[PDB]
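Engineer: My questions will all concern the structure given below.
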Amino acid sequence: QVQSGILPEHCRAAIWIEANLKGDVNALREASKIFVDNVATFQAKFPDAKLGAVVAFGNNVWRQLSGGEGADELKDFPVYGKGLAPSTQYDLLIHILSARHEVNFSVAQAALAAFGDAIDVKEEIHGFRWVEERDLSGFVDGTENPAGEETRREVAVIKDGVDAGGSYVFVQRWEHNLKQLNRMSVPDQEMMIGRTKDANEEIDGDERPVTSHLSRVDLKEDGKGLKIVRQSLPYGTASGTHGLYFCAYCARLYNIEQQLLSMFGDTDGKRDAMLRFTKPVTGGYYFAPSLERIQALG
Amino acid sequence: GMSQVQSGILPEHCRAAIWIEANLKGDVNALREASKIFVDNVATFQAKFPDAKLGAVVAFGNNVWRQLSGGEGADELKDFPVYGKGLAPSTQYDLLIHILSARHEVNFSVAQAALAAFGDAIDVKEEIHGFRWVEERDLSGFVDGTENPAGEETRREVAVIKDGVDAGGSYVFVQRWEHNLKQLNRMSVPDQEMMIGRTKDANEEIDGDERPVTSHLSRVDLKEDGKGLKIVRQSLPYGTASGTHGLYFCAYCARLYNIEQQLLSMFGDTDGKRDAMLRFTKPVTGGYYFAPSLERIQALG
Ligand code: HEM
Ligand code: HEM
Ligand SMILES: [Mg+2]
Ligand SMILES: [Mg+2]
């Protein structure tokens with residue numbers, strides 16, 4: 001029932017394509033069915049790749065496709081922190097992930113053939129897992145991510161009603177300034193993130209700044225954690241732009257928005273300490289319907 | 001009292017590579033310590049990631065190599081010329097950095113080390129991330145590598161200078177191609193096959209007398225009194241599905257001559273005919289470099 005790209009863990013590479021609709025929204029209906037069948041064919045051909053993919057839609061095209069039914073939290077991505085976090089809301093998101101970049105490339109080609117000239121590709125980012133699953137800053141990324149299919153479903157997959165099997169998606173490309181990061185002492189970097197660098201040990205919440213990344217995004221409501229399923233990867237060239245392509249899935253958009261409001265100063269006027277070396281340059285919210293829902297479009 | 005080849009020339013079947021092309025911004029002196037630091041970094045990464053099967057090459061353009069060598073050796077080295085009156089453009093830079101291994105993430109760390117070693121002494125012009133595609137095929141859908149020299153023994157014979165001051169060194173050629181896959185897909189599979197000189201699916205050679213003289217194999221499979229002009233290719237696909245994509249062409253040879261003769265052939269300087277691949281892809285960069293032996297990089301001071 002769930003689209004194949006949400007639940008796989010420990011992918012080695014991914015491709016994200018963000019696009020606008022140029023043609024009529026009805027063109028996305030046939031295109032989506034073609035592509036999900038393509039993914040099924042690639043999984044059969046490369047079973048070792050552990051390949052998954054997701055097709056998600058922006059608010060305006062999803063309202064049209066759904067006839068206004070369900071996805072009650074969906075909205076265009078707003079700016080956060082009054083512009084600290086920019087907004088680049090598009091109509092279509094394609095997320096391909098697997099153990100093999102060469103398979104992801106063939107699948108991305110299939111996606112483009114399926115949608116054809118109905119879409120205008122605005123962004124295409126090739127993510128790769130770095131050494132020790134670390135972000136390019138040198139800090140491990142993923143330790144507190146939900147682990148196992150059971151918990152990942154609980155966090156990311158809508159449980160019942162019209163949207164059952166669906167998920168909300170958030171994508172945001174960050175540009176790292178490693179020169180600025182490298183100017184910081186390792187203890188200062190550690191207080192910035194909220195975990196030790198080499199050992200990847202949590203720094204006690206009582207002993208780290210409230211502006212530390214963990215203090216900004218490890219949020220609880222009466223003791224219940226606001227969890228998300230992250231699929232982020234490093235990207236770029238060593239000599240050009242590089243950073244983290246941030247990608248999160250959640251059965252509720254609420255959990256993601258609460259973390260953004262926190263990071264960008266809207267909740268308590270304090271900003272994420274990571275903004276001293278990295279900045280977000282894109283931002284979008286998308287709705288990932290279930291496989292049955294996609295089949296039921298056309 | 002002998003020479004050691006740089007680690008990135010001979011490895012076969014590497015799945016990933018990084019190529020950095022840069023110009024020298026200051027005194028050529030800057031390149032001496034940077035190069036020694038960089039090859040030391042490579043040894044460090046080889047020790048930490050033994051399963052990466054990592055190799056790298058540092059190679060120099062004509063002008064800076066003449067300065068670093070004091071004009072001794074590298075007799076065939078010269079700035080890459082235009083071929084075919086401009087059909088093959090020329091983008092001769094001062095420094096080439098070729099990293100290849102089984103792991104892209106390790107290549108990325110090595111590329112960061114290369115940039116930290118040379119620092120603001122260089123101006124990076126190109127940084128290309130190559131990846132092996134399905135069945136070792138070029139993005140055109142044709143297998144790339146079948147007649148490439150196979151095994152360490154033959155690869156050394158073809159790529160590595162055997163004696164004299166340059167023993168252990170090699171000449172390198174890099175050329176980035178931009179594929180127009182829409183133009184390629186307009187062609188019937190039989191026309192594509194006549195363009196390359198091999199069948200697409202099964203990768204069978206089409207006989208020399210059955211295929212046009214403009215076929216890729218007819219252009220580059222050259223013999224001088226029965227002796228093939230062989231080269232060691234390290235080319236890989238690169239790019240995005242929706243953006244620029246193609247083949248990053250890279251070849252090593254004990255003699256620049258073998259490479260130049262294939263380029264004169266492809267670009268119409270030899271017999272006035274040109275490579276049929278120019279019907280769907282074109283070259284947008286081009287340079288020649290000298291890859292010294294590992295010890296000569298250690299005699300840089
Ligand atoms: C520059 C961009 C970012 C980088 C480099 C980054 C890095 C990290 C690192 C190093 C960790 C600790 C290891 C772990 O548990 O994964 C982490 C945790 C986390 N990040 Fe980020 N992150 C980034 C952006 C974001 C954004 C935009 C969000 C939310 C909208 C987010 C939400 C989280 C969450 C929920 C955790 C787990 C916190 C916990 O429960 O301990 N991160 N991040
Ligand atoms: C668009 C750029 C290029 C593509 C797509 C390409 C593709 C191919 C393909 C499909 C083959 C046949 C399989 C094989 O034996 O490896 C091949 C062979 C070869 N290519 Fe290219 N090639 C390109 C550029 C070049 C260039 C620039 C040179 C030389 C300067 C070159 C020299 C060779 C050689 C020597 C062979 C082996 C020929 C033989 O002995 O049968 N190629 N190439
Ligand atoms: Mg916690
Ligand atoms: Mg032959």
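Residues are referred to by chain and number: the chain letter is A, B, ... according to the order shown in the structure tokens, the number counts from 1 in that chain, and ligands are numbered separately from 1 in the order shown.
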Please give me, as number ranges by chain, the residues lying within 8 Å of ligand 2 when counting only C-alpha atoms and all ligand atoms.
Structural biologist: B: 137-140, 142-148, 173, 175, 177-179, 196-198, 203, 205, 216-217, 220-222, 228-231, 233, 246-249, 251, 259-263, 266, 277-278, 281-283
Engineer: Give me, as a list in words, all polymer residues having an atom no more than 12 Å from residue 41 of chain A, counting only C-alpha atoms and skipping those fewer than 2 positions away in the same chain.
Structural biologist: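 In the requested form, the answer reads residues 34, 35, 36, 37, 38, 39, 43, 44, 45, 46, 47, 51, 52, 103, 106, 107 and 110 of chain A.
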Engineer: State, in Å with one decimal place, the distance from atom CA of residue 85 of chain A to atom CA of residue 215 of chain A.
Structural biologist: 18.4 Å
Engineer: Show me, as a ChimeraX atom specification, the residues that have an atom within 10 Å of segment 15-21 of chain B when counting only C-alpha atoms, minus same-chain residues fewer than 5 positions from it.
Structural biologist: /A:102,237-239 /B:8,54-60,91-108,110-111,114-115,122-133,136,174,234-238,248,250,287
Engineer: Given the choices A:273, A:184, A:219, A:121, which gets closest to ligand 3 if the distance is worked out from only C-alpha atoms and all ligand atoms?
Structural biologist: A:219
